[PDB]
């Protein structure tokens, strides 16, 4: 038989991972699609009069097997893939695209949905009806049949190309991991990092050597510490050449097809299509916001580059920025990255930082379940409870890098909350921390600590969902709003009373001295020029790919020209991703939406101020934020929810202050 054919019997609907094997995926996708096609055909050809229940709610009820297999398959394809999963991906993704289009371009189905009036529907039901009409129109339901035929071909080619991009990038990233034969070449690297690099070598079939895998962004952590400048350059070059050449012609084709598709649907650019379902009102509002931020950010980067040139005594290459920045921090603040690492051990950060903050703010509590079975042996499963002891959901944490896991960090849901189905949320976080050898502590950079709080913010958004319909569950909000709950949860990593609770030495338990912890906090306002410019460069790169007049001939030439035109081609500050490894825009859902992070950050920064205005870290304030915003999913207009919470529309001044942009 097949474990996807029945609902999970496990707690919270945790999928039965012990019973699931790769041979189950294809037959469950095939059944899932067949059973959902039949359900839709029954709705579309229903002889009874069209109602919200027998049309819109009926579609929400459909696709249960497909939902189940999809939840597990896409979780594995991100977190723990293998050649077999990647072959299944090649076969199934085109079928799923054609499947979605078979439903959205069903003419009698759409005519049915259009016959439903709002009369007598509660707020969420009327909102779902509008959302369904929008989803269908955005998928081509109002196009003529010739145009529908071309759109089907466009969509299938796009999904295939995006799949090829991700597989290319995983293969090349893994193969570009930097191998070091002589430990002398790791001079400067903390002892625990040397040990992790030997463990990585052992795990990847090179015992006795040291391996430094690449992280997703351009900037590689090791450059902060490594004194061997030739190795810093070799690592930097391995980073920036990811996707070269094999992803070049691929992303040109993706961008070209996105433009063709957007025009087919009535939009001049892909970005105009994307922005039409974003909280940002127009493409003009996006370019205007960015145009205000970019000039001050670049001026900051120039001032910072002068400081590093003075420190170094000489001119710099991109592979020297982090290294001299660390020297400046040690000199100015007495903060040495190697001496900070011992205060940030994974277990303590998790228990006494991430969970702790959530308990003080929201009253929720956590029980680790080492007896429940995750999808990989290193996954930690946690049961989550409300303050009153009632069951809330499950949280799965998967913290370490491995060759089967794509770069970066992300949240996803195995089970979405809805009262329609009576399901509880089951949410996952994946990070890419280097795994220590047996017995050794997992010491973290503060960037990794921040990432842990960011992903947990997405987790809480998922866990606090109290919606009726699964279309609106948890994180189902526009991309330029979804990065608000994640970014605002980062406030707790640096809230001093929380930071003081977890920043304790891994061996002794001793808190960091109060005046050093003060300066570690100060040292994070440092380098806002670099940090802001690398982000804005990538944002403007994304924008250029999805707003061109004429299509590009050459990917690398296009990138250069885009960055020069936008005034952010800085030798010392490359974009945070270059085109050929910009996974956010070519294989995930952030095309013409990398700006989402800074757009959402307005709301984050303004919300930090709300907490200070209302007495800080108090249970009452957590209940308000949860009730008014985090529990809503997509079930209400996000900006109205923000306004009801904040007391007014957003102010940008707090973001500007944070990033030094006034």
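Positions refer to the first chain, counted from 1.
For the segment pair 235-243 and 350-358, the entry gives 235-243 the higher mean B-factor, averaged over Cα atoms. In this entry, the higher average B-factor at the C-alpha atoms falls on 500-508, of the pair 396-404 and 500-508. Residue-level inspection of the entry shows that, of 66, 608, 37, 618, 37 has the top Cα B-factor. Ranking 109, 251, 482, 364 by Cα temperature factor from the entry places 109 first. Placement of the Cα temperature factor of residue 52 within the chain: highest third of the modelled residues, per the deposited record. In the deposited entry, the Cα temperature factor of residue 561 sits in the top third of values across the chain's modelled residues.
In the deposited entry, the Cα temperature factor of residue 166 sits in the middle third of values across the chain's modelled residues.
When all modelled residues of the chain are sorted by CA temperature factor, residue 156 is found within the highest third.
In this PDB entry, residue 345 carries a Cα temperature factor that places it within the lowest third of its chain's modelled residues.
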